[PDB]
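Below is one structure, written out as structure tokens, with a few remarks after it.
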Amino acid sequence: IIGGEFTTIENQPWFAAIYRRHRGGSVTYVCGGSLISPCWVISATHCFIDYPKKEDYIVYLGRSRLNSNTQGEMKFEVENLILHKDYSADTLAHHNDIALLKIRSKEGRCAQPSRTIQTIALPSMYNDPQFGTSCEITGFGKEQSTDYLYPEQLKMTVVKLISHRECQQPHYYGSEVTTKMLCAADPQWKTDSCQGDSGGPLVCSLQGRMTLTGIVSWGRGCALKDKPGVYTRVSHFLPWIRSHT
Ligand SMILES: COc1ncc(-c2nc(C(=O)NC(=N)N)c(N)nc2N2CCCCCC2)cn1
Numbered sequence: 159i160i161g162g163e164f165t166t167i168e169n170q171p172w173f174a175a176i177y178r179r180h181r182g183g184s185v186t187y188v189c190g191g192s193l194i195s196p197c198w199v200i201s202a203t204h205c206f207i208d209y210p211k212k213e214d215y216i217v218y219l220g221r222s223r224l225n226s227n228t229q230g231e232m233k234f235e236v237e238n239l240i241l242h243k244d245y246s247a248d249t250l251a252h253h254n255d256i257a258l259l260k261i262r263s264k265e266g267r268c269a270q271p272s273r274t275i276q277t278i279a280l281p282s283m284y285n286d287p288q289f290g291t292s293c294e295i296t297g298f299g300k301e302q303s304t305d306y307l308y309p310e311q312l313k314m315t316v317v318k319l320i321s322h323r324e325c326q327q328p329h330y331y332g333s334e335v336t337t338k339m340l341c342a343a344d345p346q347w348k349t350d351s352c353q354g355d356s357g358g359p360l361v362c363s364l365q366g367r368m369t370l371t372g373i374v375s376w377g378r379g380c381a382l383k384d385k386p387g388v389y390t391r392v393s394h395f396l397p398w399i400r401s402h403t
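Counting in mature numbering (1 follows the signal peptide of the UniProt record, and there is no 0), the sequence shown runs from 159 upward without gaps.
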């Protein structure tokens, strides 16, 4: 996350942390995710396509830190990895950039909800918030685009939604953005998502309850003028989600 503020998992308990085994014992961070249901985490597809085998992957919950074991956390293996059949990578864009992970532990159980671990609700269909709505992104992504490293502590920030009409501008993303994608940004372009945040949530409060409006997907440089963050428009993928569960 570019700018923003640090946080713990108690502020964003649905947040999930996805790591991949090696290939010689090493365990590196891959992407974020959101627990939508006890056995189901949702992520982005582009996160896994290079190494799309579930046995490679580990998923932790109730984890506020990157390489340090947070108290109250739970570790999970991927029982099933479900990438979106119609996915495609444009040079910049990622189409249908949405993934489902079925989680289970070594004891073969899903999550137990705790103070540090809780599900996020999904929108009602096609029911997105008004543009300019302040909305919340979370992840262990780069603090600045020049950084090699990801931050050790979890971060979150605020971004305001942008109408499609607006994001369609050639000045912005031109053609690249579709209506299954959302844009968001800080009016100053001061804070943003970045690499490593991908798969992580975009949670707007809608109808007096918090709601998973988007999944961090792509962007040209973290936090640059006239280049918002682009997120998978979750309201648009509800049947796919529903079915694949
Ligand atoms: C040159 O610097 C630079 N570094 C990283 C990225 C990048 N950004 C995002 C991202 O979420 N961006 C955003 N919300 N603005 C994102 N989700 N993924 C990113 N990448 C991940 C590595 C694979 C190649 C694409 C870049 C772009 N530019």
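Yeah, the Cβ is synthetic: ideal placement off N, Cα and C, and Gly gets one too.
Legend entry - Within 8 Å, strictly: CB atoms of residue 298 and residue 372: One-based indexing of the sequence shown puts residue 298 at position 140. One-based indexing of the sequence shown puts residue 372 at position 214. Cβ distance not < 8 Å, so residue 298 and residue 372 don't count as in contact.
Legend entry - Cα-Cα separation between residue 280 and residue 194, rounded to whole angstroms: On the sequence shown, residue 280 is found 122 positions in, with the first residue counted as 1. On the sequence shown, residue 194 is found 36 positions in, with the first residue counted as 1. Going by the C-alpha atoms only, they are around 7 Å apart.
Legend entry - beta-carbon residue 377 near ligand 1 non-hydrogen atom, thresh 7 Å: Your numbering for residue 377 matches position 219 in the sequence shown. Answer for residue 377: yes, Cβ within range of ligand 1.
Inset, instruction - Taking only the alpha-carbon atoms, compute the straight-line gap between residue 341 and residue 368 and give it to the nearest angstrom. - result: Here residue 341 is taken as the residue at index 183 of the sequence shown, counted from 1. Here residue 368 is taken as the residue at index 210 of the sequence shown, counted from 1. Looking at the two C-alpha atoms, the distance is approximately 19 Å.
Inset, instruction - Give the secondary structure of residue 201 by DSSP, where H, G and I count as helix, E and B as strand, and everything else as coil. - result: Here residue 201 is taken as the residue at index 43 of the sequence shown, counted from 1. Here residue 201 sits in strand by DSSP.
Inset, instruction - Check whether the Cβ of residue 384 sits closer than 7 Å to any heavy atom of ligand 3, and report yes or no. - result: In the structure shown, ligand 3 is absent; the only ligands present are ligand 1.
Inset, instruction - List the DSSP bridge partners of residue 296. - result: Start at 1 with the first residue of the sequence shown, and residue 296 comes out as number 138. DSSP, once it has assigned bridges, lists 314 as partnering residue 296.
Inset, instruction - Quick one: grab the DSSP three-state call for residue 243. - result: Numbered from its first residue, the sequence shown carries residue 243 at position 85. Residue state, collapsed to three classes: coil.
Inset, instruction - Given a cut-off of 8 Å, decide if residue 234 and residue 219 are closer than it, judged by their beta-carbon atoms. - result: The count along the sequence shown starts at 1 and reaches residue 219 at position 61. The count along the sequence shown starts at 1 and reaches residue 234 at position 76. Yes, the Cβ-Cβ distance between residue 219 and residue 234 is below 8 Å.
Inset, instruction - Could you spell out the range, first to last residue, of the beta strand (DSSP E) harbouring residue 171? - result: For the purposes of this step, residue 171 is taken as residue 13 along the sequence shown, with counting starting at 1. Segment: none, residue 171 is in no beta strand (DSSP E) and carries neither H nor E.
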